[PDB]
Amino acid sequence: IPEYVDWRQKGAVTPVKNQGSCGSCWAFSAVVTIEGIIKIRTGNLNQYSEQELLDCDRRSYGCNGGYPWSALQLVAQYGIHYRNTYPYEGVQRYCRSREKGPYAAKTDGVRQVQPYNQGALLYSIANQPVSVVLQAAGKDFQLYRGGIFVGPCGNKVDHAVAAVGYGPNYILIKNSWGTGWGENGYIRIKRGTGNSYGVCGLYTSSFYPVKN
């Protein structure tokens, strides 16, 4: 795998979104991955519906939090609509999939990256954008204004994001707090410090969609 990876440069990442005041981080994260894999597999870059996940993944708790793995299982079993068909409203409403026509895309499965192992995550990332979680509750994470983030931070994961690249000493993450946060809405998190949890516990739980 290359020393530097940036799916943004391969045209496999769509613009940065804002989840607003709805705990929909999990939906956001899952979509970053679907968007990526489709581009990688088909050559088209489409935006997919986070709202669709928010309203339809009954295993998650809407604006109260959720599971990227669950969201991703949903897309593999049923499929998902384009973002314009089912735009984001930042509030949970009934599932309108059928109301909206046939799904735009379907994946084949979901896989877990072996946890607390940097090498395994970098490998996956080299393959496609991956759903990852970290501890975002601390003020330092929140007031992040750019640079290589190194903490301070515990490993009390509570936020789902997506890993879209890496370099020599960091992992490139796409957040969903708007373009006004961090590095134009991205964060470069320090990698290779030997902490098995990963900084902010970045290696606790990572998934990615499978598409034949």
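Each residue number is its position in the shown sequence, starting from 1.
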Could you check which stretch, 124 to 132 or 96 to 104, carries the larger mean CA temperature factor in the entry?
96 to 104
Averaging the C-alpha temperature factors as deposited, the higher value of 154 to 162 versus 59 to 67 falls on 59 to 67
According to the deposited entry, which of 179, 42, 49, 29 has the largest Cα B-factor?
42
Quick check on the deposited entry: does the C-alpha B-factor of residue 20 sit in the lowest, middle or highest third of its chain?
middle
Would the CA B-factor of residue 200 place it in the lowest, middle or highest third of its chain?
middle
In terms of its chain's C-alpha B-factors, the third that includes residue 90 is the middle
Ordered by C-alpha B-factor within the chain, which third holds residue 79? Give me lowest, middle or highest, please.
lowest
Test of reading the entry: by CA B factor among the chain's modelled residues, which third contains residue 168?
middle
